[PDB]
Amino acid sequence: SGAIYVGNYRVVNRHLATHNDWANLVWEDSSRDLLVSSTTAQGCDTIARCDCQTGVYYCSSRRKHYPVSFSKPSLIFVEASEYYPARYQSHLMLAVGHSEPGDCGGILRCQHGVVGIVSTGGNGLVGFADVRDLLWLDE
Ligand SMILES: CSc1ccccc1CC(=O)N1CCC[C@](O)(C(N)=O)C1
Ligand SMILES: [Zn+2]
């Protein structure tokens, strides 16, 4: 679990979105596993606007943050699950690191701010859904 709070927006993994998220929907994209809903309070997370490939992520299954090198956002094949059929998930970045299903939503940050959230994993790898291209999150 976990979300990004920026301005009047809440960013979560689409497969973990609540009824409230869907009732206050701004934008969603199944291919990116992202959903953005509106909030009544002001969010203070800073979104990074950069091409960093190093950062730190929060891993709830270890209660620890880990430093990682990660790939550039791209289309990566993701195994079928209870939420989606087998497909290419876009805007995904992989890193060598520990992750478990309940880890989705953990933030990845670089020195410039929030980069994305944990969205996939398996076999000593962890995948992050990028949010750096969503320029509208700041306006
Ligand atoms: C951190 S998630 C994880 C980690 C280790 C092992 C397995 C997983 C599960 C995982 O990859 N998904 C199942 C739920 C849907 C999913 O989030 C997606 N974006 O399609 C993919
Ligand atoms: Zn950066």
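Counting starts at 1 for both ligands and their atoms, in listed order. Counting begins at 1 with the first residue of the sequence.
With salt bridges taken as basic N to acidic carboxylate O contacts below 4.0 Å, one links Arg10 and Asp21. Classification of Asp138 and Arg49 as a salt-bridged pair holds, one side-chain N sitting under 4.0 Å from a carboxylate O.
Taking 4.5 Å as the limit, every side-chain heavy atom of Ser37 sits out of range of all side-chain heavy atoms of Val26.
Protein neighbours of ligand 1 below 4.0 Å, counting non-hydrogen atoms: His15, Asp33, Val78, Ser81, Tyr83, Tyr84, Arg87, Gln89, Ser99, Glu100, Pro101, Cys104, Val118, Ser119, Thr120, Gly121, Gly122.
Scored by the salt bridge (charged side-chain N to carboxylate O under 4.0 Å, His left out) test, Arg32 finds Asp133 as partners (sequence neighbours excluded).
Note on the Zn ion (ligand 2): protein N/O/S atoms under 2.8 Å are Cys50 SG, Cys52 SG, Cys110 SG, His112 ND1.
Atoms CH2 and CD1, from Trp136 and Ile47 in turn, are 10.0 Å apart once rounded to the nearest 0.5 Å. Here the OG1-CG distance, from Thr40 to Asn8, works out to 8.0 Å after rounding to the nearest 0.5 Å.
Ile117 and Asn13 get closest at one heavy-atom pair: CD1-N, 3.6 Å.
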Between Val114 and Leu108, is a side chain to side chain contact (heavy atoms under 4.5 Å, CB included) present by the stated rule, with each step listed?
-> CA-CA 6 Å; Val114 175; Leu108 170 66; over 6 Å; no

Distance-only donor-acceptor hits, side chain of residues 83-98, under 3.5 Å, sequence neighbours excluded:
unit_1: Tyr84; atom_1: OH; unit_2: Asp33; atom_2: OD1; d: 2.6
unit_1: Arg87; atom_1: NH2; unit_2: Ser30; atom_2: O; d: 2.9
unit_1: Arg87; atom_1: NH2; unit_2: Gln89; atom_2: OE1; d: 3.0
unit_1: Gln89; atom_1: NE2; unit_2: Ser119; atom_2: OG; d: 2.9
unit_1: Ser90; atom_1: OG; unit_2: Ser31; atom_2: OG; d: 3.3
unit_1: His98; atom_1: NE2; unit_2: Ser61; atom_2: OG; d: 3.2
unit_1: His98; atom_1: NE2; unit_2: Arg62; atom_2: NH2; d: 3.4
unit_1: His98; atom_1: NE2; unit_2: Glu100; atom_2: OE2; d: 2.7

